[PDB]
Amino acid sequence: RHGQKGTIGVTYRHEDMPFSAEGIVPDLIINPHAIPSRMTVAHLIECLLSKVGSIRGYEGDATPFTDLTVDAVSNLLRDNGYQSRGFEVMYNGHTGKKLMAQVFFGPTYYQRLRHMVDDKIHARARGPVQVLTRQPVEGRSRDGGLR
Amino acid sequence: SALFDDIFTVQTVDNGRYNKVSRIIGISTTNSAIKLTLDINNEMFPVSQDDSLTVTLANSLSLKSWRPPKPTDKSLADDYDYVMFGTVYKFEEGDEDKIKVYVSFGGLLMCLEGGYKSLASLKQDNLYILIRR
Amino acid sequence: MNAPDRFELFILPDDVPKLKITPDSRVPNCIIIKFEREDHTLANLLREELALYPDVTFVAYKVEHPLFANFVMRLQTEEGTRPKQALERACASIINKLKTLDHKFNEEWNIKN
Amino acid sequence: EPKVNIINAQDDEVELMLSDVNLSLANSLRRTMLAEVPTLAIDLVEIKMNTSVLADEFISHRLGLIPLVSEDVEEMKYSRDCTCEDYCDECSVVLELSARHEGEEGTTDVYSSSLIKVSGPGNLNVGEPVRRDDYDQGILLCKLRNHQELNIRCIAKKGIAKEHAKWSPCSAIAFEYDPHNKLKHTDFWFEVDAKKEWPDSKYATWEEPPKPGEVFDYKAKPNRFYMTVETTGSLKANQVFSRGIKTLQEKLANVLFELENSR
Amino acid sequence: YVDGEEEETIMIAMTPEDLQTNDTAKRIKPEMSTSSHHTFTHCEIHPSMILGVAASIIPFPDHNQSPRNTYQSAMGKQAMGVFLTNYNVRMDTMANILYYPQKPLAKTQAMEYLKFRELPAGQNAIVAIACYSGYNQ
Amino acid sequence: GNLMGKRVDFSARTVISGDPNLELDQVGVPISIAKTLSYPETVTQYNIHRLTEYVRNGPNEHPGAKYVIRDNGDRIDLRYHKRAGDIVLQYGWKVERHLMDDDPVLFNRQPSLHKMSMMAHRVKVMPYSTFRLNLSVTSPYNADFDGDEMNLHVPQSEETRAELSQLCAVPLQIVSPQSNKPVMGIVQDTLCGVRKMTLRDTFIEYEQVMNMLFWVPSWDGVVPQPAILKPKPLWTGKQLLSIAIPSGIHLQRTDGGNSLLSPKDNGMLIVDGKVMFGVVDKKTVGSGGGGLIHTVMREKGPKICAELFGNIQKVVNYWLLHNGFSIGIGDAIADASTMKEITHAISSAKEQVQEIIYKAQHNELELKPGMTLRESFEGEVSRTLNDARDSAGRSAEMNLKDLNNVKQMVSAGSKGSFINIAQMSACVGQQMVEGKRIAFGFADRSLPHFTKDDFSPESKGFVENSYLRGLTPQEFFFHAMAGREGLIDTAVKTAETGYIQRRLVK
Amino acid sequence: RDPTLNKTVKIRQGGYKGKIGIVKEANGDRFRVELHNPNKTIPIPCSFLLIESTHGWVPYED
Amino acid sequence: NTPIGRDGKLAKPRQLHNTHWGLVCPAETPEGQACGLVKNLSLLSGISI
Amino acid sequence: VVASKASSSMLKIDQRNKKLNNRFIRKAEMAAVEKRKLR
Amino acid sequence: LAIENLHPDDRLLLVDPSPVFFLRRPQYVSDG
Amino acid sequence: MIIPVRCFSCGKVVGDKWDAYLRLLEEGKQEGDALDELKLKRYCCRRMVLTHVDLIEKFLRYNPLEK
RNA sequence: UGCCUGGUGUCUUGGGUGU
Ligand SMILES: [Mg+2]
Ligand SMILES: [Zn+2]
Ligand SMILES: [Zn+2]
């Protein structure tokens, strides 16, 4: 919900994903490089607030221009036995060894967009042509050619 | 066998930016005007100020693919606590008797200042440094 | 549409050998082993078992691509030992370790049942 | 040389500590339990009538995820390895579901308890959907109102979680070693002090904390591993552990046989 | 009610707290020291009501770079959800329905009147930010 | 629309994705696209057996064929032929076989601004439905994997295939004639991981070194001696990186007048392909001129330079996979000691602006020549506020530790800059619309929440807060105005630039 | 004229045992059968098919 | 919608003005040709009858 | 209408939760505003 | 009775071995 | 639409706990306490029951298309 | 012996995707 669009690059099975000490594997891994240039801090704040809410069984209130601060959410998260900033010690799926860097980890609301690759893939060797110009027709639905 | 040998007293130990790497500066006890600036691994060979180190430089450990050393074989490194291997990338034939040798042990740098007579034999491609304490 | 069948991760075609061994002539007494329909589960186990043998001087493996289920392993032993014998010794040793682990777990489970 | 010490034991989860094994062996065991232990799950759905508000393939996907008792699945054969034409009793289990709502008011819930085993291997304890108790209704499958009926026939086959996640016997395998970070395998992010900003591990009391004057030990390796195995009920925890060990042994034995037959 | 032309002649307070006269996390209010005293005539009901329907879905829109808010406003109209409850009896040219919609854990107060809780268009995924294997660059 | 540019046959289009495990000049092609497209191969006595096998396999099995063309020009369709096995191929016939591995294909992304937007790759058939690119070529194409699509064109002749493989090939396009510097370099997490991996205090154990060495395709089978032999054999990251660099490469760079002892590990010195000191980052393996890539291309040629990308990427990606890297909300937070400094700096700047306002209102303000009193006043206020934001950002940046992830990404040059740190941590700053502060849209004020004739910094679009701290409604609206101006400016200037370039080309 | 074209068939061997399909191509000894279960079409030898008839399933003697 | 079209375009109509506060959404606008010309009412706005 | 049991239970839960929220959130806001005032 | 009816000193005896304004209790019907 | 059979992240079976969860919420228990009483420890499982919206109760209100 | 099929509007407009 913060303009962070992307496409699936590869799918790993349950046993190939990194896991935390309590066995939680992520559903989805995004690159750290998406954050600094675009400055979507709201993404990180939403992840932290959602983590606290799912731990405590509440729904976070992310209304803008309120008195919510990151430190209050961090205190709540620390009181529940997690690192206050949301980091987690995470293990490597392939070898089982600990990762040297801790991983920001939590639930976030994602939405699936209408643009799927199977509705865009198109190839043409030969096919219908226009009557006037005898050049390939236009359109993926009509088995057309590329300009 | 050994191309240089001396005993150094550590003047300064600088951790600075890093956690596992320390800069140590030492001067030879038997001969001043010989300086040693060196990078070491703290976790394997920790040092403190005013320590005494026996530093030896050799061009070979004898008495191309690397292999884990068999327990049966013996080499020059059996007498020391910290052995590194590096390449000499600068041999500054400086002033009348000011010679500087720069050696890089895979990014961990060493500079050895001294007279020509002491460091004449250190004009090699690769050097082992053997440190005892 | 272009998604491969999931059983191709572990079901071996008839014409594809499970285990192809080719020597590596760049260094003495080295072989390259190509495992088909295998992944990190067997590879890491074998690699870390072989790394402890005093007569094995180089062992490594890599998975070329996550979308293909195979890995290739490089093994290189001392002059006395043929690498394939070292691989067999590693397999047998891990089997014995697993056997004693199973026996001990069964004993403990019966005690704490 | 390897040792096992059990902390807690239950029908559905066991918490144990492995020691004197390599990290690779423990991780391979975890991976094998997660994705290579065979179980039994519904793999074909023949929909004879479905007038509910859910799509046919919606209900098929829901059915495939229902755990079935897979105790004697070793005796069972793989579908592709059975020479029988079509499916026999030795490579498939047939379950049937029939649900209907009577009366012109109210809503009927369709539970997994309504799945009735029709045919299967003789005297093998496989195929029955897992129930927590004798009075547990089970997984909610669908809902029906008046004049809506669901009548399906499902076939269960043997497979592994590599092919599809519905054949996975485990839910989540907690895995952990070196609570006090004596090996320095991780470097702790911090703002002021790394010691008081990081929560203690749940096994921190099982190992002595390092002494203030202790030096780093470069000769140490991870030696004790704490892991918890949770199952979905299709297999007991001890069965999952033992069958993971057996599967790993079979894989290694197959490799050994290939090597010996190569010459 | 006031329109765009009557607003020229009124003095509005942002919050009811503005009607009366050292933390590193909380935000800083305007000092407004140019005027010795103020005589407000109106007060905003709630400042977060300056947003539209699509921009009322973003959580913490004030912690974001504004072009990202615009991009999300654009992309929220392409998220598959449940457009209506009677999708079975409708014959539309296209229709996309998500199997298992979930309501967001971090919601906004304006989502109550957009029925986003009852017809949500997304799911809560466990997201990890990491350079794992180089396939997410 | 029909003579200068026309629709063409033998082409494909689909979404692109990234693959770290592809060579620089390789593209991953789905199986369905490979089956649909074709290349007419002339039957000779070097390939008649293989072509007969392809004809037998038919148009549905890969590798296969779609048509057989006789000498007279008649086409035999293999879908509708009941006696495909009863076809004997004569020399000189053509078989329209399927697309296969190592076939050169032209690859293109729109808009094609320069000649590096069309380059010829080598086909590799892969499952799933997306084109796959090595990530180093995403720079010349100006492409990323958030939904972009790219075009593929198949040559249909021996002459055209030779032209593509000898002129437009990706390795030949590494150095551009526009600025005589490389257009492809190490990017994104490979850049971040080569900075992290080549730090002075990165040591690697034997078992990981063996795996890292086996990953290098060009490795010669000799393991280098470890930097530390006793008590424990340890290799440094610089050694494993030097493994990937071809021998005979010399590179020297001085950063900030550093000495040969490099106390800060800056600068660079590569002797015979071995790194002596210096952290490898954007200044070395980036796309700038005089770096490692430019040196290798000038010295060894396009083939070795193309292999260099693969070697470096594979080693660094394995190391970073087994090490890890992340970013969190805790990385945008500065301690109270720095927050009080930032607050003091901002308050001092606001006091200075207030004094300037008083001086201008009492006719005590000096006038810049060539500018009116109002223009000079506005320029001075804008300069003061920009200096305020820069000072606060500098304080925040100096606060950050070495383990801060944002600082690591900025230092590596992979993503972000100093202004991003300043705005996320310290102060968003002054919002400018059309090069000036926020105008007085209402009657002598910017918003109905301010009194008339108010020139204070917060009344004309100075966002005092940071993104972490959150923006007040007025700052939110002003920042939205500035962002809207940016979007409009982009969407308008693009058409003017396109027209200018078309006129220049014509 | 390929009497088994456009007829419901069931697979008895291989990796698709017990899946219902419809025969689409009947060139010879390699039948193209679209599967009802996923949305795909696969080749299959004639020996692996069970052609539906008025009385149960019949092997490749239809 | 603002029917100014594409011919004779200018940046001023497309801009977000001060007087838009509270009446139209500052964030929601299309991309490309219609940026700024297409507006969305704020969540409490109305139109006089 | 003859609502189902689950819907009736959900309605009761919603009423209870609405009342509890209206009480507790207001109390917390009143507690916070006085502290912000006295600072 | 409830926790409120407990004596304040006895409430002080209830020590964990306050609500926050931004944690709502979930609903299902919303409003409008 | 209807409570998922398995938790997406780990795979715990949560499809048999919807009715018990509603019964617990009916008795006045808080959502966190209700989720704890069902032995849902990991927050990946807790989000499945906590954020589920039950839409089948709205689809069932339409008159069935057959009889 | 009963024997198998390739052929696809145009013009406007509108909403979108990637730069
Ligand atoms: Mg893009
Ligand atoms: Zn059978
Ligand atoms: Zn779960």
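Positions of Cβ are backbone-derived with ideal geometry, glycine not excepted, and every protein chain shown enters the neighbour counts. Bear in mind that the values in this text are calculations on the coordinates, not laboratory data.
Would you please name the residue that is nearest to K:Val5 (Cα to Cα), looking only at residues in segment D:75-125 that are part of a loop (DSSP other than H, G, I, E, B) and of a type in the set (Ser, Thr, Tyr)?
Going through the qualifying residues, I end up with D:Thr107.
Name, by its number, the condition in (1) within 12 Å of chain D (Cβ to nearest Cβ); (2) under 21 Å from D:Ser24 (Cβ atoms); (3) basic (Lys, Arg) that does not hold for C:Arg6.
(2)
Residues to consider are K:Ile2, K:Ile56; find the one that is buried (at least 22 other Cβ atoms within 10 Å of the Cβ) and over 26 Å from A:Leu48 (Cβ atoms).
Exactly one of K:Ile2, K:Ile56 is buried (at least 22 other Cβ atoms within 10 Å of the Cβ) and over 26 Å from A:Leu48 (Cβ atoms), namely K:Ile2.
Determine, yes or no, whether F:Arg200 is buried (at least 18 other Cβ atoms within 10 Å of the Cβ) and more than 16 Å from ligand 3 (Cβ to nearest atom).
For F:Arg200, the condition - buried (at least 18 other Cβ atoms within 10 Å of the Cβ) and more than 16 Å from ligand 3 (Cβ to nearest atom) - is met.
Tell me, which strands (runs of 3 or more DSSP E) lie completely within segment D:127-225 with 1 or more residues that are within 16 Å of ligand 2 (Cβ to nearest atom) and more than 12 Å from chain A (Cβ to nearest Cβ)?
It comes to D:149-159.
State yes or no: is D:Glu230 acidic (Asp, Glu), crowded, with 22+ Cβ neighbours inside 10 Å and touching a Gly at 6+ places or on another chain (Cβ under 8 Å)?
Considered against the rule, which asks whether it is acidic (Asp, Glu), crowded, with 22+ Cβ neighbours inside 10 Å and touching a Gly at 6+ places or on another chain (Cβ under 8 Å), D:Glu230 comes out as yes.
If you take the residues of segment K:1-36 that are in contact with a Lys or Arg (Cβ under 8 Å, 6 or more places away or on another chain) and more than 23 Å from E:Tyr99 (Cβ to Cβ), which of them is nearest to RNA strand L (Cβ to nearest atom)?
Taking the candidates together, the pick is K:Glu31.
Of the conditions (1) over 20 Å from D:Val192 (Cβ atoms); (2) assigned to a helix (DSSP H, G or I), F:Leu365 fails just one. Which one is it?
Result: F:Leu365 passes all but (2).
Can you tell me which residue among K:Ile3, K:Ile56 is in contact with a helix residue (DSSP H, G or I) (Cβ under 8 Å, 6 or more places away or on another chain), closer than 25 Å to D:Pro129 by Cα and either within 16 Å of ligand 2 (Cβ to nearest atom) or β-branched (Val, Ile, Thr) (or both)?
None of the others qualify; the one that does is K:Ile3.
Only residues that are in a loop (DSSP other than H, G, I, E, B) and more than 43 Å from the chain's Cα centre (by Cα): list them for segment F:47-85, please.
F:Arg70, F:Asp71, F:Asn72, F:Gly73, F:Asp74, F:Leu78, F:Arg79, F:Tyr80, F:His81, F:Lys82, F:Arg83
Can you pull out the residues in segment E:89-117 that are farther than 25 Å from A:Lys51 by Cβ, more than 7 Å from every other protein chain (Cβ to nearest Cβ) and in contact with a strand residue (DSSP E or B) (Cβ under 9 Å, 6 or more places away or on another chain)?
The answer is E:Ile97, and nothing else.
Say we look at segment F:146-161 and pick out the residues that are in a loop (DSSP other than H, G, I, E, B) and out of contact with any helix residue (DSSP H, G or I) (no Cβ under 6 Å at 6 or more places or on another chain); which of these is farthest from RNA strand L (Cβ to nearest atom)?
Among them, the one singled out is F:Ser157.
Given the residues B:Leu108, B:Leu127, B:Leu38, which is the only one that is farther than 15 Å from B:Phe8 by Cα and either within 11 Å of another protein chain (Cβ to nearest Cβ) or exposed (fewer than 13 other Cβ atoms within 10 Å of the Cβ) (or both)?
One residue alone meets the criteria, B:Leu108.
Contact list please: Cβ distance under 6 Å, first residue in segment F:463-477 and at positive phi, second residue in a loop (DSSP other than H, G, I, E, B), pairs at least six apart or on different chains.
F:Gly470/E:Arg27
Within segment F:14-29, is even one residue farther than 24 Å from A:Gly9 by Cβ, more than 9 Å from every other protein chain (Cβ to nearest Cβ) and not in a loop (DSSP other than H, G, I, E, B)?
no
So that you can scan it fast, the table gives a plain yes or no per residue for (1) more than 7 Å from every other protein chain (Cβ to nearest Cβ); (2) surrounded by fewer than 21 Cβ atoms within 10 Å (Cβ to Cβ); (3) under 30 Å from A:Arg85 (Cβ atoms); (4) within 16 Å of ligand 3 (Cβ to nearest atom):
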site	(1), (2), (3), (4)
E:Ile28	no, yes, yes, no
E:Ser35	no, yes, no, no
E:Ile57	no, no, yes, no
E:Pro61	no, no, yes, no
E:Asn64	no, no, yes, no
E:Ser73	no, no, yes, no
E:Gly81	yes, yes, no, no
E:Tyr87	yes, yes, no, no
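Please count how many residues of segment G:4-62 are of a type in the set (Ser, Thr, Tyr) and closer than 20 Å to F:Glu61 by Cβ.
3
Anything in segment F:324-358 that is within 30 Å of E:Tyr132 (Cβ to Cβ) and assigned to a helix (DSSP H, G or I)? List them, or say none.
Those that are within 30 Å of E:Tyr132 (Cβ to Cβ) and assigned to a helix (DSSP H, G or I): F:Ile329, F:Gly330, F:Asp331, F:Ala332.
Pick from segment C:43-101 the residues that are closer than 27 Å to F:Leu22 by Cβ and of a type in the set (S, T, N, Q): which of them is nearest to the other protein chains (Cβ to nearest Cβ)?
Only one residue tops the list, namely C:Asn44.
Inside segment F:86-145, counting only strands (runs of 3 or more DSSP E) that do not spill past its ends, which hold 3 or more residues that are in contact with an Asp or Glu (Cβ under 9 Å, 6 or more places away or on another chain) and either within 16 Å of RNA strand L (Cβ to nearest atom) or away from chain C (no Cβ under 14 Å) (or both)?
Answer list for segment F:86-145: F:94-98, F:118-126.
Just wondering, is there one or more residues in segment H:15-24 that are within 16 Å of RNA strand L (Cβ to nearest atom), facing another protein chain (nearest Cβ under 7 Å) and within 27 Å of F:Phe450 (Cβ to Cβ)?
No, because not a single residue in segment H:15-24 is within 16 Å of RNA strand L (Cβ to nearest atom), facing another protein chain (nearest Cβ under 7 Å) and within 27 Å of F:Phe450 (Cβ to Cβ).
So is K:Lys39 part of a helix (DSSP H, G or I) and either within 16 Å of RNA strand L (Cβ to nearest atom) or more than 10 Å from chain A (Cβ to nearest Cβ) (or both) or not?
Answer is no for this residue.
Okay, residues lined up against (1) charged (D, E, K, R); (2) outside any loop (DSSP other than H, G, I, E, B):
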residue	(1), (2)
F:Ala360	no, yes
F:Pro369	no, no
F:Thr384	no, yes
F:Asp390	yes, yes
F:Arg394	yes, yes
F:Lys407	yes, yes
F:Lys415	yes, no
F:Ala422	no, yes
F:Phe450	no, no
